[PDB]
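S.K.: Okay, handing you the structure first.
Every number in this text was worked out from the coordinates using simple rules, so none of it is lab data. As a convention, Cβ positions derive from the backbone with ideal geometry for all residues, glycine included, and neighbour counts pool all protein chains shown.
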Protein chains: 2
Amino acid sequence: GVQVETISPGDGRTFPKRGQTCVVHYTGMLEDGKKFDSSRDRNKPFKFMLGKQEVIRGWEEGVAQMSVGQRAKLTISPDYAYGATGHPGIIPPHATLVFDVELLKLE
Amino acid sequence: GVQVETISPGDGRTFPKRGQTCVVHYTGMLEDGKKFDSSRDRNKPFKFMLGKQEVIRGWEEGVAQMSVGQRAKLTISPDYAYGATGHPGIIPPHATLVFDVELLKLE
Ligand SMILES: CC[C@@H]1/C=C(\C)[C@@H](O)[C@H](C)C[C@H](OC)[C@H]2O[C@@](O)(C(=O)C(=O)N3CCCC[C@H]3C(=O)O[C@H](/C(C)=C/[C@@H]3CC[C@@H](O)[C@H](OC)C3)[C@H](C)[C@@H](O)CC1=O)[C@H](C)C[C@@H]2OC
Ligand SMILES: CC[C@@H]1/C=C(\C)[C@@H](O)[C@H](C)C[C@H](OC)[C@H]2O[C@@](O)(C(=O)C(=O)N3CCCC[C@H]3C(=O)O[C@H](/C(C)=C/[C@@H]3CC[C@@H](O)[C@H](OC)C3)[C@H](C)[C@@H](O)CC1=O)[C@H](C)C[C@@H]2OC
């Protein structure tokens, strides 16, 4: 599944609802901290909606537990990410992923 | 993992080696037989190589057990396919997939 560990607290009152646009900043890493991608590097947040298979399941379940302004680490098991296949030439088979995510706003 | 059930036998001697081009015909279905895709419908075989993350793991492990001319049903568990996410708007979360595959030739 997914484990959420909070780095900085959110407002504790505004949680994402299916159908809302989530705006975030993320950094993706392997369990040893090796970085594979970051929206921060591109200077552009990533936007997605819950409930439309727009993101891997670990995000669908992890982001729903965050409130606006929260910064958290999401640890995602392989089945909730790229499973036994991985992602071609970036993520190996059976990898648990770690994402540092910040929920900037809901729109 | 993956289960291979043979419909028509292969030559029993030519098995795919990593680095070879596999040429196949396939039909993808859910466990109840509902078809989601088929190369047969397009009149064009599908070509891929083992060992390059070009296909879901259930195929990487299942096709390697087939010999040229064999026709088999591959039953693939979710982690060896699209896991808890599925494939956007085609395959639901946690689905076991069934592929009817025919190994036409190796090149
Ligand atoms: C068509 C292009 C479209 C690309 C964009 C919108 C780009 O803007 C995004 C910034 C994507 C990033 O591009 C730089 C890049 O992000 C990674 O680096 C990454 O950090 C990651 O894991 N992320 C991205 C941040 C959210 C979680 C996760 C994801 O859910 O990503 C999604 C993902 C790949 C889902 C698979 C879909 C097929 C399912 O079957 C499978 O189910 C197992 C899951 C991704 C958002 C797709 O929905 C949409 C796209 O692919 C991926 C390793 C590879 C990916 O590039 C492709
Ligand atoms: C860039 C376009 C490129 C498209 C082609 C070469 C097309 O010619 C192929 C005929 C693909 C088919 O297009 C009509 C179509 O096939 C499905 O319908 C399907 O039956 C399927 O499941 N197949 C296809 C036959 C081999 C097994 C499996 C697969 O391995 O497919 C691979 C797959 C999606 C892997 C994911 C990669 C990201 C990983 O992270 C993730 O790991 C979980 C696994 C597919 C071959 C990709 O490598 C390459 C592409 O996507 C998919 C449901 C969706 C897919 O369209 C995308």
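S.K.: Residue A:42 versus residue A:11, label points 7 Å from Cα toward the beta carbon: distance in nm?
M.R.: 2.6 nm
S.K.: Any idea how far the Cα center of the stretch B:82-105 sits from the one of the stretch B:23-45, in Å?
M.R.: 10 Å
S.K.: Among the listed pairs A:17/A:73; A:34/B:34; A:52/B:34; A:52/B:73; A:52/B:52; B:17/B:73, which have their C-alpha atoms separated by more than 32 angstrom in this model?
M.R.: A:34/B:34
S.K.: Residue by residue through the stretch B:65-72, which ³J(HN,Hα) values in whole Hz follow from phi under the Karplus form 6.51 cos²θ - 1.76 cosθ + 1.60 (θ = phi - 60°), with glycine and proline marked x?
M.R.: Per residue, the Karplus-derived 3J(HN,Hα) values read 8, 9, 10, 3, x, 6, 10, 9 Hz.
S.K.: Using the 10 angstrom Cβ neighbour count as an exposure proxy, how do B:57, A:13, B:40 rank, fewest first?
M.R.: A:13, B:40, B:57
S.K.: For chain A, would you read off the P(r) tail past 24 Å as a percentage of all alpha carbon pairs?
M.R.: In whole percent, the long-distance tail amounts to 18.
S.K.: While we're looking at this one, here's another question. Mind checking B:83-90 for the average number of partner chain beta-carbons within 10 Å of each residue's beta-carbon?
M.R.: Rounded to a whole number, the mean comes out at 6.
S.K.: Which value results for Rg/Rh of the protein assembly as shown when Rg is the Cα radius of gyration and Rh the Kirkwood radius based on the inverse mean 1/r?
M.R.: Reported Rg/Rh, Kirkwood definition of Rh: 1.06.
S.K.: Further, regarding this structure: Tell me, what HN-Hα J-couplings in whole Hz come from the Karplus equation 6.51 cos²θ - 1.76 cosθ + 1.60 at θ = phi - 60° for each residue of the stretch A:12-17, using x for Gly and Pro?
M.R.: x, 9, 10, 9, x, 10
S.K.: Here's something else I'd like to know. Suppose you put the label 7 Å out from Cα in the Cβ direction; list, shortest first and in nm with one decimal, how far residue B:33 is from each other copy's label.
M.R.: Label-point distances to the other copies, shortest first: 5.6 nm.
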